[PDB]
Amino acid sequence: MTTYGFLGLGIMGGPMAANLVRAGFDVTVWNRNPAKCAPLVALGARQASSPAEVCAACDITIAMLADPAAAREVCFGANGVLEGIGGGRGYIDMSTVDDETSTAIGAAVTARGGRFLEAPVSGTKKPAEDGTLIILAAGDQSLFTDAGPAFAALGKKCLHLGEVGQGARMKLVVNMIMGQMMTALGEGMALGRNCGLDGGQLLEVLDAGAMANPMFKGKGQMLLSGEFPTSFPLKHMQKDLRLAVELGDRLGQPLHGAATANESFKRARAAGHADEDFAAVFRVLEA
């Protein structure tokens, strides 16, 4: 009987962990702030005291953490993953991080006798809740296979992209496009309002043509309402652009558009919108 661990019960991790419990897996959870475990425990998960405790006890442990710093602290820190993982047990880090971080975590886990897979996802809060994430995995093939039933509870589509690092790279490339699309939509709507245009009509014109997409439809309504309930935290969008630009630096790939969008998201953080939805970059694009 395969048992599951889950570290990081945030906006994404909460719903993802809940999906595993509801699918009927034996799930052990941990979160830095213990209060976030409560709803998962009430659903039937067991609470653990540290990442080390989870990885010592569970056949497959999944992590869904904020950023490279969080991922590294949970792996390498006191009572962290490396103090418990071993004996073939698996660690699947689904956090969005850079390829150097995922590679380092994987090498460490492997050296302790664990198996490692990175599996960042495309899809926001609602997809996490619904189990319709796109999973971008890379690393240990036997672990990818073993986690199949769990991935089916979490996502609608699962790819294995090769060696550790390719998953992170795919995720960063996809989100770099997304960040620039959001600033494009935001600048368009800001200019539109200054033009006296009806924002609803602008969205209707976009939805009838070749650019029509669900993100424009959904985020567009936030722009009209001026309300930005958080699906994907603006601070994490800015983190992903930061990471894309750093990746471009390492590969010798110039990214004028991404760099510009990165700085606009930094402006939005500076102006106090870090914890709002990433669509809230609009608040520093419109006057």
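From 1 onward, residues are counted along the sequence shown.
174-182 versus 102-110 - which carries the larger mean C-alpha B factor in the record: Result: 102-110.
Stretch with the higher entry mean CA B-factor, where the candidates are 252-260 and 49-57: Result of the comparison: 49-57.
Highest recorded Cα temperature factor - choice among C195, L117, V97, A128: In the PDB entry, the greatest C-alpha B-factor among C195, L117, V97, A128 is found at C195.
Deposited CA B-factor, highest of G123, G200, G167, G90: Highest C-alpha B-factor among the listed options: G200.
B-factor third for the C-alpha atom of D240 within its chain: Its C-alpha B-factor, which the entry lists for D240, ranks in the lowest third among residues of this chain.
CA B-factor ranking of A78, expressed as a third of its chain: For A78, whose C-alpha B-factor we compare with every modelled residue in the chain, the answer is the highest third.
Relative C-alpha B-factor of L7, binned into the chain's lowest, middle or highest third: Ranked within chain, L7 CA B lands in the lowest tercile.
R22, C-alpha B-factor rank within chain (lowest, middle or highest third): Tercile = middle for this residue's CA B-factor.
Chain-relative CA temperature factor third for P15: For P15, the deposited C-alpha B-factor lands in the middle third.
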